[PDB]
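One chain comes next, on its own, written out as structure tokens in the form deposited in one PDB entry.
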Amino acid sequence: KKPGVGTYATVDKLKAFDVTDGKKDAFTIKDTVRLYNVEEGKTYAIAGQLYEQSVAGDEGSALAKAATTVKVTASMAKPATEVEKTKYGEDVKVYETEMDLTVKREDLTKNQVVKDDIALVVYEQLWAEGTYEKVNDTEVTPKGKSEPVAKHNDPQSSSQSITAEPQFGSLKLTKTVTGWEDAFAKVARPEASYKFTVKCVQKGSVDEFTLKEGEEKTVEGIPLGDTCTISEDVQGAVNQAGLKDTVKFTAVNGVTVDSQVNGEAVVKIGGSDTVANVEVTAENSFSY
């Protein structure tokens, strides 16, 4: 009977975690390790590694590693699943232990915005007593050219899969108007239509829309940490109002909105508390 090893990966009970949570420098993957047909009283070494799925198994690419020894005891026993019986035999002996795989958030994000889910996977190896001469907190050193007696190195494993899931922000834009005067205007005030372009710089998205006075529109799905440029067609506003237009940008909840050029603003999305859902008002101040 050849021993086996299996793993199941979770973070805080779940198979996904918020990789854009600025309140966490690191995440700990619980790596539940099941040992098949190991022997009570023997001391094995186990090693776990966490990879992004597309580089899984490539030495150099691991995001976290853990290694330890375990002396198998009766207290570690667990009932076998039907899946395990099918894989290892009806009489498979099963023991369970645990290791943590901790990954720094910056090693996942690279301090850039996160645009989509990152697929992660855990690999594990099992070493019989005597086949290793050093185990530290990260890796097992073999005696001679010894190899693990069992591996679970499957990049497509659902049990070993974890998703680093980003959350997203939004930018709501509202148009207001002061100093309107029909004497100068080319259209009726409630029919004036103010044209905006909003670009999310890192995402590379462009929203083009019109706002009547008092109207709002929201750009959704903005990566947290991205910046948005807001550009009004000021001449188009001036032509409708018949009046020069000074555009004043303001924002809610202490968010900074900078404007160097008239009609142009920049604002950060998801910038100790973050404001993910930003609300900006563009006031068209008309005058002669």
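Just count from 1 along the sequence shown to find any residue number.
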Residues of the deposited sequence left unbuilt between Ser272 and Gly271: 4 to 9
Tell me which of 122 to 130 and 210 to 218 has the higher mean C-alpha B-factor in the deposited entry. 210 to 218
The stretch carrying the higher mean Cα B factor in the deposited entry, 24 to 32 or 229 to 237, is 24 to 32
Going by the deposited entry, which of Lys195, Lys93, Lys85, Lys151 has the highest CA temperature factor? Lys85
Just the C-alpha B-factor column, please: which of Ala67, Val70, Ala62, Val38 has the biggest number? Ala62
CA B-factor placement of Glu191, once the chain's modelled residues are sorted into thirds: middle
Would you mind ranking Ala9 by its C-alpha B-factor against the rest of the chain and naming the third, lowest, middle or highest? lowest
Taking the C-alpha B-factors as the PDB entry records them, is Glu52 in the lowest, middle or highest third of its chain? middle
Going by what the PDB entry lists, where does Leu224 fall on CA B-factor within its chain: lowest, middle or highest third? middle
Report the third (lowest, middle or highest) to which the CA temperature factor of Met99 belongs, ranking only the modelled residues of the same chain. middle
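Unshown form deposited in another entry; subsequent notes refer to it.
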Are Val278 and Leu171 in one rigid part when the chain is described as two parts moving between the shown form and the other one? yes
